[PDB]
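Here's the structure we're looking at; comments come further down.
Protein chains: 2
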Amino acid sequence: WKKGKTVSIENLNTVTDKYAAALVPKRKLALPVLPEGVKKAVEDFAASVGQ
Amino acid sequence: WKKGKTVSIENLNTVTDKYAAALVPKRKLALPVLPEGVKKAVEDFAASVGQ
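So the protein sequences, as listed, match chains 1 and 1'. A prime marks a further copy of an entry chain.
Mapping to PDB author numbering: the first sequence position 50 is 205, numbers consecutive.
Mapping to PDB author numbering: the second sequence position 28 is 183, numbers consecutive.
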């Protein structure tokens with residue numbers, strides 16, 4: 156913020172991003188989330204062998 | 156084979172294909188062979204989550 160200026164939505168969002176970065180724990184578990192591209196690729200192969 | 160003709164390698168191969176078709180059992184197990192494209196796609200995702 157500047158005495159003569161006017162704050163923009165972009166600066167407000169980048170500051171909000173730093174707040175969300177603090178919510179991220181310094182150490183976290185690498186819990187694997189199955190991607191849809193991988194999920195369906197496996198399902199297609201399983202259906203190819205009739206399973 | 157024809158009295159005036161001469162057999163070609165293509166006809167001999169198509170006849171050999173029928174012999175190999177007889178080796179295929181009428182009923183068989185759908186044993187799934189993991190494709191390289193699927194094998195590496197899974198390995199890439201596992202390495203992406205650090206595993």
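Ideal Cβ placement from N, Cα and C applies to all residues, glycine included.
In chain order, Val162 place their CB closer than 8 Å to the CB of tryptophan 156 (chain 1'), counting only its own chain and leaving out the 5 sequence neighbours on each side.
Assignment of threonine 169 (chain 1) by DSSP, reduced to helix, strand and coil, places it in the helix class. The beta carbons of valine 204 (chain 1') and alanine 185 (chain 1) sit closer together than 7 Å. Against chain 1, the CB of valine 204 (chain 1') has a partner CB under 7 Å away; the residue lies at that interface. Going by beta carbons, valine 188 (chain 1') and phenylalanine 200 (chain 1) fall outside the 7 Å limit.
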